[PDB]
Every structure is written in structure tokens, then in C-alpha cells.
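Peer 1: Make a model of this:
(one chain, ligands or ions: 2)
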Amino acid sequence: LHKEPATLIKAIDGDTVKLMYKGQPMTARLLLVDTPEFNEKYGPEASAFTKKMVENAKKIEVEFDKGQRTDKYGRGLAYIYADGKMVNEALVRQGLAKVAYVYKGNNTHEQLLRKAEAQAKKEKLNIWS
Ligand SMILES: Cc1cn([C@H]2C[C@H](OP(=O)(O)O)[C@@H](COP(=O)(O)O)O2)c(=O)[nH]c1=O
Ligand SMILES: [Ca+2]
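Peer 2: Numbering: from 1, shown residues only. Ligands and ions are numbered 1, 2, ... in the order given. What follows is the structure:
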């Protein structure tokens, strides 16, 4: 896998961000995770976390996995990094997302995110509290 540069356009919610990628807008949905809806517990906290992470980054990168790059709603599917830190992993490690939507052939970072989830769960953080 490889990390490609992109520019933040706007944060959207806990697991969706709008990026300028190769000069065109992309609504990127984070691979392998599920954040609560804004009307669910920890929803606002998940949105706030991702917004702060992407808005404070000097450098955002997009990394597609090996399988499909667009979902059935027209969103890009990727791992997003903010100054070298993966947003997908950070959300999970904070108990603000669960590992979810794990489809064959787009699951490179599955083990990594499940490690994170295990720690968040042990710590009873947020969703796991
Ligand atoms: C993360 C991810 C979501 N999706 C789709 C599945 C869900 O639509 P379906 O329920 O109609 O199958 C939806 C959930 O997105 P959100 O959690 O953003 O609402 O996004 C993918 O198809 N592939 C993915 O890798
Ligand atoms: Ca969601």
C-alpha cells in the first residue's frame, strides 16, 4: 500500500472527511471502522475527534487498500493519515469507533485495528465504558 498526498476540504463526521485528491473532491469514508451516529452516545465525540485530528494536521495522506476504492454510495474508501497518524486506528484506540465493515480484499490493517480495539476495550474507554 502507499500513502498519497491529499488536501483537507472539510471534516464531515466521525468516519467521513472531504478531501481534494489529485485536484478533485472526494468524500472519503474510513476503511474498517464504524463511528456512532451524531444522535448516538459518543457520536459528537467521534466527530469532534476526527475534525480536530484532520484540521490540525500539516499533512493529510490517503492510502487505498488492495480492493475496491469506492463504495456503493460513491464515497472513496481509504485509510487516512494526519501527520503520519492513522485516523482509523486513532478512533478505534480511543473507543470512539468499532472495527466493522471488514470485507475480503480490503482488510490490510485489520489486525492492527483489532489490537487497538482490544486496548480500548480493556481500558473501558468511551463506547466500551
Ligand atoms: C466502510 C465501508 C462502508 N460501506 C458501506 C456499507 C454500508 O451501506 P449498507 O448498509 O447499505 O450496506 C455503509 C455504512 O456507511 P456509514 O457507517 O457511513 O453510514 O457504507 C461499504 O460498502 N464498504 C466499506 O468499506
Ligand atoms: Ca458510521
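Peer 1: Identify, by residue count, the longest strand of the protein.
Peer 2: Assignment by DSSP state E gives strand 4-13 as the longest strand of the chain.
Peer 1: partners of that strand, with directions?
Peer 2: strand 16-21 (antiparallel), strand 60-63 (antiparallel) (DSSP bridges).
Peer 1: Is that strand in proximity to ligand 1?
Peer 2: No: shown here: strand 4-13 not in contact with ligand 1 (C-beta under 6 Å from any ligand atom), separated by at least 7.7 Å. The C-beta positions use only the backbone N, C-alpha and C, and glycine is treated the same way.
Peer 1: before we move on, what about stretch 111-124?
Peer 2: No: Stretch 111-124 stays clear of ligand 1 (C-beta under 6 Å from any ligand atom), getting no nearer than 11.9 Å.
Peer 1: What lies in contact with that stretch?
Peer 2: Outside stretch 111-124, the residues that touch it by C-beta atoms under 8 Å, 6 or more residues apart in numbering are 32-33, 88-89, 92-95, 98-99, 126-128.
Peer 1: Could you list the contact residues of the protein toward ligand 2?
Peer 2: For the chain, the residues found near ligand 2 under the criterion C-beta under 5 Å from the ion are 34-35.
Peer 1: What residue, apart from its backbone neighbours, is nearest residue 70 spatially?
Peer 2: If the residues on either side of it in the chain are set aside, residue 70 comes closest to residue 76, at 6.0 Å by C-beta to C-beta, 6 or more residues apart in numbering.
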